[PDB]
Amino acid sequence: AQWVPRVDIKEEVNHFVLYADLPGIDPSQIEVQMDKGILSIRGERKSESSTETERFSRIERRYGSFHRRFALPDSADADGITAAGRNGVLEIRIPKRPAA
Amino acid sequence: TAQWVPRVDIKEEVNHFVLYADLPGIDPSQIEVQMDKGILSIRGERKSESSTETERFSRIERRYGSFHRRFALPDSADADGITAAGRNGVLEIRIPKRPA
């Protein structure tokens, strides 16, 4: 089961903010990149369930690699991205470029 | 308490159970974990930024709200031994099995 971590994306006055539910991963293990106007998050989650699988009486948490990409408007400035994580939410801030 | 249904894996080891609950974006201390008459519950309420200035969101995929996960654990689960500790959004609940 491909892990597709859920993301909300918001456009604020000076930023886009992407919030990504990435439970079970240290924020430092999530690869955030943005190239060509497309914000990418990529990483891998191990799950306790792939060890002693037969001991689990229920398994549904998704894990494994994920890689999601989000085209953002041209206003998004790839070079200013910051990301901080807490309680497995990675919150990525993408500043907007000043208007042309 | 069940606007969303957090993913939980449950494992029964030789001498303990472990539940792993993906509860991204909630402090572990806001998450109530108890057993009552065999039933392990995990409940609490996740808030989400997407409820604030919702119209500024171009995507909202993250589920939140109250949850109340219940599992009818075997009688061997020592209701008095539960610990629950979260890291990066994953709550790990450990319950030793009864001697008898």
# chains A, B, ... in the order shown; residues from 1 in each chain; ligands from 1
>>> interface_residues(of="chain B", to="chain A", cutoff="7 Å", atoms="only C-alpha atoms", output="PyMOL selection string")
chain B and resi 7-13+22+24-27+50+56-62+87-90
>>> select_by_dssp(residues="chain B", states="strand (DSSP E)", output="ChimeraX atom specification")
/B:8-12,16-22,32-36,39-46,57-60,65-72,83-87,90-96
>>> atom_distance(atom1="CA of residue 91 in chain B", atom2="CA of residue 63 in chain A")
15.3 Å
>>> residues_around(residues="range 31-47 of chain B", least_positions_apart="4", cutoff="7 Å", atoms="only C-alpha atoms", output="PyMOL selection string")
chain B and resi 25-26+64-75+79
>>> select_by_dssp(residues="chain A", states="helix (DSSP H, G or I)", output="VMD selection string")
chain A and resid 27 to 29 48 to 50 53 to 55 78 to 80
>>> decode(residues="range 20-70 of chain A", atoms="N, CA and C atoms", output="compact mmCIF listing (two decimals), in the first residue's frame")
# COMPACT_ATOMS: atom_id res chain seq x y z
N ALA A 20 1.88 18.73 6.11
CA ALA A 20 1.93 17.36 5.64
C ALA A 20 1.91 16.47 6.85
N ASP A 21 0.95 15.59 6.89
CA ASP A 21 0.92 14.62 7.94
C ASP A 21 1.94 13.52 7.60
N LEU A 22 3.06 13.56 8.31
CA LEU A 22 4.17 12.63 8.12
C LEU A 22 4.47 12.00 9.46
N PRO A 23 3.47 11.35 10.05
CA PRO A 23 3.75 10.76 11.34
C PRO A 23 4.85 9.67 11.27
N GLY A 24 5.68 9.61 12.29
CA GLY A 24 6.62 8.52 12.43
C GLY A 24 7.95 8.80 11.74
N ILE A 25 8.20 10.05 11.35
CA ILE A 25 9.41 10.40 10.64
C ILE A 25 9.95 11.59 11.38
N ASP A 26 11.25 11.63 11.66
CA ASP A 26 11.85 12.87 12.16
C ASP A 26 11.80 13.88 11.03
N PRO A 27 11.40 15.11 11.34
CA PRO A 27 11.33 16.12 10.30
C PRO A 27 12.61 16.17 9.43
N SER A 28 13.75 15.84 10.03
CA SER A 28 15.04 16.00 9.36
C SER A 28 15.19 14.92 8.28
N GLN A 29 14.38 13.87 8.36
CA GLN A 29 14.42 12.84 7.36
C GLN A 29 13.47 13.08 6.20
N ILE A 30 12.79 14.21 6.20
CA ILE A 30 11.88 14.47 5.08
C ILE A 30 12.61 15.36 4.09
N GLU A 31 12.61 14.97 2.84
CA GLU A 31 13.30 15.77 1.84
C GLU A 31 12.28 16.70 1.19
N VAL A 32 12.46 17.98 1.43
CA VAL A 32 11.61 19.02 0.88
C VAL A 32 12.45 19.65 -0.21
N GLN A 33 11.93 19.74 -1.41
CA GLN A 33 12.67 20.44 -2.45
C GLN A 33 11.67 21.16 -3.24
N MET A 34 12.08 22.21 -3.93
CA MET A 34 11.17 22.81 -4.87
C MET A 34 11.95 23.15 -6.13
N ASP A 35 11.49 22.69 -7.29
CA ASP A 35 12.24 23.02 -8.49
C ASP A 35 11.18 23.25 -9.54
N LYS A 36 11.39 24.21 -10.44
CA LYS A 36 10.46 24.47 -11.51
C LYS A 36 9.06 24.75 -11.02
N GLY A 37 8.92 25.42 -9.87
CA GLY A 37 7.58 25.77 -9.41
C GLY A 37 6.84 24.61 -8.76
N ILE A 38 7.54 23.50 -8.53
CA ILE A 38 6.87 22.29 -8.02
C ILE A 38 7.52 21.86 -6.69
N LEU A 39 6.73 21.88 -5.64
CA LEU A 39 7.21 21.56 -4.33
C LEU A 39 7.04 20.07 -4.11
N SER A 40 8.12 19.44 -3.69
CA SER A 40 8.22 18.02 -3.56
C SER A 40 8.49 17.67 -2.10
N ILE A 41 7.89 16.62 -1.63
CA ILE A 41 8.24 16.08 -0.32
C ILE A 41 8.46 14.61 -0.53
N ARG A 42 9.51 14.08 0.06
CA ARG A 42 9.87 12.71 -0.28
C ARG A 42 10.50 12.14 0.96
N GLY A 43 10.40 10.83 1.18
CA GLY A 43 11.00 10.28 2.37
C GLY A 43 10.49 8.88 2.50
N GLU A 44 10.71 8.29 3.65
CA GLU A 44 10.39 6.89 3.81
C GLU A 44 10.06 6.75 5.29
N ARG A 45 9.05 5.96 5.57
CA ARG A 45 8.72 5.66 6.90
C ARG A 45 8.85 4.15 7.04
N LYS A 46 9.56 3.70 8.05
CA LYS A 46 9.52 2.34 8.48
C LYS A 46 8.26 2.17 9.36
N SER A 47 7.76 0.95 9.44
CA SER A 47 6.67 0.69 10.39
C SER A 47 7.01 -0.52 11.20
N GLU A 48 6.65 -0.46 12.47
CA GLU A 48 6.83 -1.56 13.35
C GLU A 48 6.13 -2.81 12.77
N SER A 49 5.11 -2.60 11.92
CA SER A 49 4.38 -3.74 11.45
C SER A 49 5.11 -4.71 10.50
N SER A 50 6.26 -4.31 9.95
CA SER A 50 6.99 -5.18 8.97
C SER A 50 7.93 -6.06 9.75
N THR A 51 8.08 -5.78 11.04
CA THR A 51 8.77 -6.70 11.97
C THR A 51 7.76 -7.54 12.74
N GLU A 52 7.94 -8.87 12.75
CA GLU A 52 7.04 -9.79 13.50
C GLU A 52 5.64 -9.47 13.07
N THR A 53 5.43 -9.36 11.76
CA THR A 53 4.15 -9.04 11.19
C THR A 53 3.05 -9.97 11.72
N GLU A 54 3.39 -11.24 11.92
CA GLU A 54 2.39 -12.24 12.28
C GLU A 54 1.84 -11.95 13.70
N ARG A 55 2.48 -11.03 14.45
CA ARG A 55 2.10 -10.74 15.83
C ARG A 55 1.03 -9.65 15.84
N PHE A 56 0.78 -9.06 14.68
CA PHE A 56 -0.14 -7.92 14.66
C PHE A 56 -1.48 -8.47 14.44
N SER A 57 -2.39 -7.92 15.19
CA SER A 57 -3.77 -8.37 15.13
C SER A 57 -4.46 -7.32 14.33
N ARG A 58 -3.78 -6.20 14.05
CA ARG A 58 -4.35 -5.23 13.13
C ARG A 58 -3.25 -4.40 12.52
N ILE A 59 -3.31 -4.22 11.21
CA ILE A 59 -2.32 -3.37 10.58
C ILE A 59 -3.04 -2.51 9.59
N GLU A 60 -2.83 -1.22 9.66
CA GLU A 60 -3.39 -0.36 8.61
C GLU A 60 -2.52 0.90 8.49
N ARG A 61 -1.55 1.12 9.36
CA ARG A 61 -0.78 2.37 9.20
C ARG A 61 0.04 2.24 7.93
N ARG A 62 0.07 3.29 7.10
CA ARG A 62 0.79 3.16 5.79
C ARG A 62 2.21 3.53 6.03
N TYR A 63 3.13 2.97 5.26
CA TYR A 63 4.51 3.33 5.41
C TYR A 63 5.28 3.06 4.13
N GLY A 64 6.60 3.15 4.17
CA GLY A 64 7.35 2.92 2.94
C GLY A 64 7.67 4.29 2.44
N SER A 65 7.98 4.38 1.14
CA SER A 65 8.51 5.62 0.59
C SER A 65 7.29 6.44 0.25
N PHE A 66 7.44 7.75 0.26
CA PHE A 66 6.39 8.53 -0.29
C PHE A 66 7.10 9.55 -1.13
N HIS A 67 6.41 10.09 -2.11
CA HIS A 67 7.01 11.17 -2.82
C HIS A 67 5.82 11.93 -3.36
N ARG A 68 5.58 13.16 -2.90
CA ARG A 68 4.45 13.86 -3.51
C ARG A 68 4.96 15.14 -4.06
N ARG A 69 4.30 15.62 -5.10
CA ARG A 69 4.73 16.85 -5.73
C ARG A 69 3.54 17.77 -5.80
N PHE A 70 3.74 19.06 -5.55
CA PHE A 70 2.66 20.06 -5.62
C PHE A 70 3.11 21.26 -6.43
